[PDB]
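Below you'll find only one chain, the form deposited in one PDB entry, shown as structure tokens.
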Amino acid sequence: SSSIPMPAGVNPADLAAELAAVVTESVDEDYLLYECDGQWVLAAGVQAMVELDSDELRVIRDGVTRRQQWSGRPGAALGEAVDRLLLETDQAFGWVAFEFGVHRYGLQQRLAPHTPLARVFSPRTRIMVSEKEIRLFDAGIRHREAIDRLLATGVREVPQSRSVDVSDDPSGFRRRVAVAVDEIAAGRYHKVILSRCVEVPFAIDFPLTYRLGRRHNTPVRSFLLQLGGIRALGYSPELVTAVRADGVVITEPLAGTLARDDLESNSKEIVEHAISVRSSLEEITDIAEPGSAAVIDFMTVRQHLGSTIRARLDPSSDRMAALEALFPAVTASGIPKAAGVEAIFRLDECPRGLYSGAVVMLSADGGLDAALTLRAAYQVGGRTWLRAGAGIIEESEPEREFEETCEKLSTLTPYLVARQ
């Protein structure tokens, strides 16, 4: 592993996104860029790919596709395949669909054939960009030369963004909210997050849009990818799960959005956060060593209220079982989870795919970092879209919930750089 000192006056997010744009374009390869605690890890090129679908698990390496049938928990099937990738490389990267978390609640039968659950790959090369340095892992002569070419040219200036209209309601979000409210009033469930897609009528430049949005967002994690026909970027507002090599499991649920003093005193925000903390604690307990489950920094301010649920991974459990136990996040699903998830199948455009799922980074040492996929842009086929939702409770009003989606979309809407 060779290192290059980081040039002065260069933001690591800008350089990592530029390396993903220029280097990957020149060699015409798939990639995933993941931002995790000041490190921007560019996973470049697909050495091997694990595709977990509702009805099949495939492992693709050098054009050879191996197909397997699988039963039981999807986390066990994904874990087994991902552990094999990690015998060859130090790290693996990918995304996990919202649909991966439905099996736990007895909803596997509702999934159509070929429904994607997860896409995890081992990269050919890794470029780690931080404020201090640029670290190269398994970088061939072509990659080294292309990186050197980038450092010499410097970073491109970000063009002005192109606006998008979010005022239409073609999916009938308002009507769908009204149905959810009626179901809550009838005591079917307490909460459900419903969403709407917003079509972007022009092609966007993903690395340039990523750079622009990143200068106006402070996320828990962020990502930029081009993998298997999918382009995506996002500013993850929540950590679903983080598993360390030592076995420490962390989950950080968030709630609500000087005074400041209002958020800490709001009864409606305190109850929802406490219910979620209790839910996360009950789930982490199923995979944790007895008595290791604890809430650190309960209901502390982070423009939002949040808590850190910590535990120690039981020897009879694993990282995927920890991910599966916490999936999907309460933030993007519902309370109770089982009824909330089922309501999403009926009242939301399904399959959700990447939206409200997770973007993951795994390590050979047993590490796992899973960021909740929200505040993300997607491009699949000739379709470019944004997706945002809102938590629906008994008191919820359809027109108010629609305005809330507009606010959540405003994290991306002013920062869309058109493809030139």
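Numbers for residues come from their place in the sequence shown, where the first is 1. Under this definition, the rigid core comprises the largest set of C-alpha atoms superposing within 1.5 Å between the forms.
Another form, the form deposited in another entry, is not on view; read the next lines as being about it.
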**Q.** 2 Å-or-more CA mover between this form and the one not shown, where superposition uses the core and the choices are 117, 344, 288, 85
**A.** 288
Q) For residue 297, is the C-alpha shift between this form and the one not shown 2 Å or more after core superposition? A) yes
Q) By the 2 angstroms cut-off, has the C-alpha of residue 218 moved between this form and the one not shown once the rigid core is superposed? A) yes
(Q) For a quick test of reading the superposition: does residue 238 move by 2 Å or more at the CA between this form and the one not shown, rigid core aligned? (A) yes
